[PDB]
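Protein chains get the first letters and strands the later ones, always in sequence-line order, with residue 1 at the start of each.
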Amino acid sequence: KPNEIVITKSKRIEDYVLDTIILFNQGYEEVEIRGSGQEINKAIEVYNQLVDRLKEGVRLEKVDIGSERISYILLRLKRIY
Amino acid sequence: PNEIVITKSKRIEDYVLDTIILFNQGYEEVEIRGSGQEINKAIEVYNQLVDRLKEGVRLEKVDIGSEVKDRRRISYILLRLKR
């Protein structure tokens with residue numbers, strides 16, 4: 001659960017990127033990022049900024065989409081050393 | 001033609017109608033692309049196709065990323081749906 005992030009309106013994209021890299025740095029090899037509704041685009045932009053930084057060092061392990069009546073996306077990312 | 005790009009003008013139900021008609025016309029797989037704001041919209045099109053077609057439609061592939069469109073950087077989602 002500490003490597004499970006929910007994207008909300010509260011923080012900037014860049015804050016969630018830093019949150020994710022800190023979790024990776026702390027030894028969680030995988031982090032889940034969840035976004036729903038208007039924050040699906042935000043979650044994808046968090047992923048894009050992570051890839052921009054880490055390149056091969058991060059891998060998109062799994063993408064789930066669905067409804068929970070609002071849409072959601074769930075991304076599983078893996079740090080690779 | 002079976003490569004749909006979601007915009008702000010059309011409603012979700014028109015894209016749903018669009019996809020089902022492509023399915024019946026012989027396009028077994030339809031691609032739905034949404035960028036930036038319309039990522040959430042594209043997923044909603046998918047969810048309604050599921051809500052009406054149930055197991056008659058399968059999510060084959062989901063791509064996410066960023067790219068440059070009309071010289072602005074945008075996030076995108078690409079959904080490939082199979083009938």
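For the pair A:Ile40/A:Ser71, a side-chain contact is recorded, criterion being any heavy-atom separation below 4.5 Å from C-beta on. Here the side chains of A:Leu50 and A:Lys55 are not in contact, with every heavy-atom distance at 4.5 Å or above. Between B:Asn40 and B:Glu38, every side-chain heavy-atom pair lies at or beyond the 4.5 Å cut-off. The shortest distance between side-chain heavy atoms of B:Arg58 and B:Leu81 does not fall below 4.5 Å.
Taken together through direct or relayed side-chain contacts under 4.5 Å among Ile, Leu, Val, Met, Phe, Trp and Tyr, A:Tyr47 and A:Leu54 form part of one hydrophobic cluster. No path of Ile, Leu, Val, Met, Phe, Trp and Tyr side chains, each step under 4.5 Å between heavy atoms, connects A:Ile44 with B:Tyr76, placing them in separate hydrophobic clusters. No path of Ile, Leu, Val, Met, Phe, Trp and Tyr side chains, each step under 4.5 Å between heavy atoms, connects A:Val46 with B:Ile74, placing them in separate hydrophobic clusters. Residues B:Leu78 and A:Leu75 do not share a hydrophobic cluster, clusters being chains of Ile/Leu/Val/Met/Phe/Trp/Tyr side chains in contact below 4.5 Å. Cluster annotation: A:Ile73 and A:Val51 are assigned to the same hydrophobic cluster (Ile/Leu/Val/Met/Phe/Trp/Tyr, side-chain heavy-atom contacts under 4.5 Å, transitive).
Taking the ring axis of A:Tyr81 as reference, the NZ or CZ atom of A:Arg79 stays within 45° of it and closer than 6.0 Å to the ring centre.
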Start with the C-alpha distance between B:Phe23 and B:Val57, add both sets of side-chain angles, then the distance that settles side-chain contact (heavy atoms from CB on, under 4.5 Å), and finish with yes or no. CA-CA 10 Å; B:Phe23 283 162; B:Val57 72; 4.0 Å; yes

Apply the test salt bridge (charged side-chain N to carboxylate O under 4.0 Å, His left out) to residues B:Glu67 and B:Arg72: give CA-CA distance (whole Å), side-chain angles for both, the deciding distance (0.1 Å), then the verdict. CA-CA 8 Å; B:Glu67 73 176 2; B:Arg72 283 168 170 270; over 6 Å; no

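Taking the side-chain contact (heavy atoms from CB on, under 4.5 Å) definition, one finds that A:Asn3 meets it with A:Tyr28, A:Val31, sequence neighbours left out. In this structure A:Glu30 satisfies the salt bridge (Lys or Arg N to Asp or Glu O under 4.0 Å) test with no other residue, sequence neighbours excluded. A search for salt bridge (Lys or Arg N to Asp or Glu O under 4.0 Å) contacts involving A:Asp64 returns A:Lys62, not counting sequence neighbours.
A side-chain donor-acceptor contact under 3.5 Å links B:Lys41 to the backbone of B:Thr7. B:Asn47 places a side-chain N or O within donor-acceptor distance of the main-chain N or O of A:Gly66, the cut-off being under 3.5 Å.
The CD1 atom of A:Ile7 sits 10.5 Å away from atom OG of A:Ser10, with the distance rounded to the nearest 0.5 Å. Between atom NZ of residue B:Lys69 and atom OG of residue B:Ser35 there is a gap of 5.5 Å, rounded to the nearest 0.5 Å. In this structure, the separation between OG1 on B:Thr19 and CG on B:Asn24 is 11.0 Å, given to the nearest 0.5 Å. Here the CD1 atom belonging to A:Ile13 is positioned 13.5 Å from the CG atom belonging to A:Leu18, to the nearest 0.5 angstrom.
Between A:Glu61 and A:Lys78 there is a salt bridge, since a side-chain N of the basic residue sits under 4.0 Å from a carboxylate O of the acidic one. Remark: A:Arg76 engages A:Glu32 in a salt bridge, criterion side-chain N to carboxylate O under 4.0 Å. A salt bridge is defined here as a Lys NZ or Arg NE, NH1 or NH2 lying under 4.0 Å from an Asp or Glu carboxylate O, and A:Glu4 with A:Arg34 fails to meet this definition.
Between the side chains of A:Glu45 and B:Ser75, at least one donor N or O lies within less than 3.5 Å of an accepting N or O.
In this structure, B:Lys10 and B:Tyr15 approach most closely via the heavy-atom pair CB-CE1, 3.3 Å.
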